[PDB]
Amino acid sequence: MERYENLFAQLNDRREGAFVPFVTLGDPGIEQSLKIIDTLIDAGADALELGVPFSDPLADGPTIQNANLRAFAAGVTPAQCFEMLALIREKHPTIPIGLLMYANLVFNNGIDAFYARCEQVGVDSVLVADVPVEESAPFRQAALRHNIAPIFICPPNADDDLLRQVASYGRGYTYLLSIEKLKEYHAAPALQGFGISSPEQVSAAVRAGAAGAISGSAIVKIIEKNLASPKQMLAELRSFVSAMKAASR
């Protein structure tokens, strides 16, 4: 539905890309993460992308493997992840909240019973990291039956066949990994997500024609460096987020 479309609207007639930070729900703890969430909004984050700690993250690199390990060994459950989402959505009822899921946490007790929960808590999108467009049919259904936008990675080895299917099936934004024609096929707006560490990389992305950028490792790399010092962690996130979102103006 709307929260993503209502955001790329006002972002396009302010002539500016979107900045989406990525963080693992409940990392390093439930209460500290809530604060991390808010700091990121108050520093100028246009949308969120929250990950749900999973025992086995195939498709995430080193820094996100460890953030995932932090929250998981600490006991953060997917059920707790939803109680935090309810607090989040009710404090900032306008901001698009995407989820980064792993297939088995979606599939576990019904693909449909999942996407229902996302709808009723206020989530907006769901990226399933280990479900390619070829296996997506049952997730695209449950997604649409509950007004949840399915996000698909478009990789740099993508042929015209897949560009088609990402454009048709994909709503919200299209998460792409680094010069293209996804717009030609009427795809949801593209968000660059390959190696967004600098503000430099972010304006490199917008200048390249993207609707915005997502940085995962960079933002949680900050969490990792300041586990002992929760208040430093928050302040250093403010510096970074504001510095990045500003490189999109």
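Each residue number is its position in the shown sequence, starting from 1.
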Count class of deposited residues lacking coordinates, residue 80 to residue 81
none
Where do the C-alpha atoms have the higher mean temperature factor in this entry, in 6 to 14 or in 21 to 29?
6 to 14
By its CA B factor, does residue 112 count among the lowest, middle or highest third of the modelled residues in the chain?
middle
Ranked C-alpha temperature factor of residue 34 among modelled chain residues, by third
lowest
Residue 195's Cα B-factor: lowest, middle or highest third of the chain?
highest
Chain-relative C-alpha B factor for residue 189 (record values, thirds): the middle
For residue 223, the third of its chain into which the C-alpha B factor falls
middle
